[PDB]
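Numbering (PDB author numbering), first residue to last: 990 to 1000, 1005 to 1180. Here a beta-carbon is modelled for each residue, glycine too, at the ideal position from N, C-alpha and C. Working notes for the structure below.
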Ligand SMILES: CCc1nc2ccc(OC)cc2nc1O[C@@H]1C[C@@H](C(=O)N[C@]2(C(=O)NS(=O)(=O)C3CC3)C[C@H]2CC)N(C(=O)[C@@H](NC(=O)OC(C)(C)C)C(C)(C)C)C1
Ligand SMILES: [Zn+2]
């Protein structure tokens, strides 16, 4: 079926636009004539819910979430533009009404992760695709936030939340797809 937009996060505050009946319906129809807004979208399949983030006019998220699914749009289902499984990466054309995040070039190592509750979580950049959490978190607290953005102090995109780095059920750090690798994927 289709990936369906069921909410959005404005930059922070989250909003929901669609429920289980609507989501079950639109996952199946692929037709979503709903207004789109925001930089991060809350997105659902029939089984999973996570985040997706618009960068370079492309809406990016994780493959472990999206698979090869099409996305629901006002004119019908839209196929993926990018599918790079070894990056756990998929991308569709950013739907009308989304605004893309601007890539970070300030080189800051003080990052801020946005969760599906529109909570903003401090990260210390530890390297290209790695960030350590200042306060470690339970895995289930961060479940549903993959595909969501890591920002710099200025509000620029540093990457897309992919995997959590866990010891004994506690996330001590985050793995993210950097904005440069999206560039690489696009070319
Ligand atoms: C290798 C990644 C992967 N690839 C897949 C490819 C195909 C596939 O087929 C189905 C499944 C895959 N699963 C995958 O991983 C799965 C999915 C993914 C996941 O849950 N991602 C997030 C998250 O919030 N995810 S999410 O809940 O939003 C999900 C709905 C999208 C961001 C996490 C929130 C806590 N996973 C990890 O993050 C694991 N961490 C981890 O693997 O770290 C390593 C890479 C350093 C070892 C956990 C569970 C320990 C936290 C395991
Ligand atoms: Zn920046």
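In this structure residue 1079 is exposed. Its beta-carbon is surrounded by fewer than 16 other beta-carbon atoms within 10 angstroms. Using a Cβ-Cβ distance cut-off of 8 Å, the stretch 1044-1054 and the stretch 1137-1144 are in contact, since at least three pairs of beta carbons, one from each stretch, lie closer than that value.
The three-state reading of DSSP puts residue 1165 in strand, counting E and B together. Residue 1024 sits close to residue 1069, with the two beta carbons spaced by under 7 Å. In the DSSP secondary-structure assignment, residue 1134 is not bridged to any residue. Around the beta-carbon of residue 1141, 16 or more other beta-carbon atoms lie within 10 Å, marking it buried. Excluding sequence positions up to five before and after residue 1131, its CB lies within less than 8 Å of the CB of 1162, 1163, 1164, all in the same chain and listed in chain order. The set of residues with any CB-heavy atom separation to ligand 2 below 5 Å comprises, in chain order, 1097, 1099, 1145, 1147, 1149.
Taking a cut-off of 8 Å on C-beta distances, the stretch 1089-1106 touches the stretch 1026-1042, as three or more cross pairs fall below it. Remark: the C-beta of residue 1157 is in contact range of ligand 1, defined as less than 6 Å to any heavy atom. By the neighbour-count definition (other C-beta atoms within 10 Å, threshold 16), residue 1083 is a buried residue.
The nearest non-hydrogen atom of ligand 1 is less than 6 Å from the C-beta of residue 1135.
A distance criterion of 6 Å places the beta-carbon of residue 1041 in contact range of ligand 1, judged by its closest non-hydrogen atom.
Selection 998, 1036, 1000 evaluated against residue 1017 yields 1036 as nearest (Cα-Cα). Take the alpha-carbon of residue 1146 and the one of residue 1104: they are about 7 Å apart.
For the set 1097, 1065, 1013, 1155, the Cα lying nearest the Cα of residue 1058 is the one of 1155.
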